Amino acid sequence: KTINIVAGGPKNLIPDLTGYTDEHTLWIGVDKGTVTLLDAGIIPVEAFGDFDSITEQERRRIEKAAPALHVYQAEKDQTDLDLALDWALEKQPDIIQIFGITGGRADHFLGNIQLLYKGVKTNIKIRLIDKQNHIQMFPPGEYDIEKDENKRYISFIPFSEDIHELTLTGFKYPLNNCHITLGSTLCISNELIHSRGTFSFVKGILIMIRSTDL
């Protein structure tokens, strides 16, 4: 099953959620995010955070449209989003997808990025999504990707430590059992030259950004 979380970032950086709706995909709203869900026509099963960020009318509008909507509050020491993720990881879905993850405040995004770290610990696919990016972290292993018709760039960035024996295949910029040192931006702006591409490394935490220039 799939769980989709919509955090409270600005709506303009968020994709069409509609096309992400499916019979095996539950939704949950976080902060303004639950408001975003209602506008799109999706009702959250649960909602996390408080209302000090949502408007008077906005609250009424939610209540009218979702009376039995339960809202779990945070403890100021854990982000609303951060809290929603525990609820979702617990459910153990094959995939968690988060939206409203980018915005004006950089801290916001930088945070969400750390959230992905909690996902490798639980070996559960956690993909972050916005209008032009798909972020995902991977532990050592061997992974396949398909060419993306709308986003042509695929970047790789080391996380906790150095990346060991990184191999890229089906990419414009190949790599064979390469050692990527922490902080390196060599593996940014790559592309797929085939229909399927493969990448793999033996040690470290790798980040993968698939993007577009619009």
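Residues carry their position along the shown sequence, with the first being 1.
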{"query": "Stretch with the greater mean C-alpha B-factor as recorded in the entry, comparing 67-75 against 136-144", "finding": "67-75"}
{"query": "Given 174-182 and 40-48, the range whose Cα B-factors average higher in the PDB entry", "finding": "174-182"}
{"query": "Residue selected from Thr34, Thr169, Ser189, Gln57 by maximal Cα B factor", "finding": "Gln57"}
{"query": "Candidate residues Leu214, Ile207, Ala7, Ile3, the one whose C-alpha B factor the record puts highest", "finding": "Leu214"}
{"query": "Third of the chain, ranked by Cα B-factor, where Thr25 sits", "finding": "middle"}
{"query": "Record-listed C-alpha B factor of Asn12: chain third", "finding": "highest"}
{"query": "Chain-relative CA temperature factor third for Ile129", "finding": "lowest"}
{"query": "Chain-relative CA temperature factor third for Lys118", "finding": "highest"}
{"query": "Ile62 by Cα B-factor - lowest, middle or highest third of the modelled chain", "finding": "middle"}
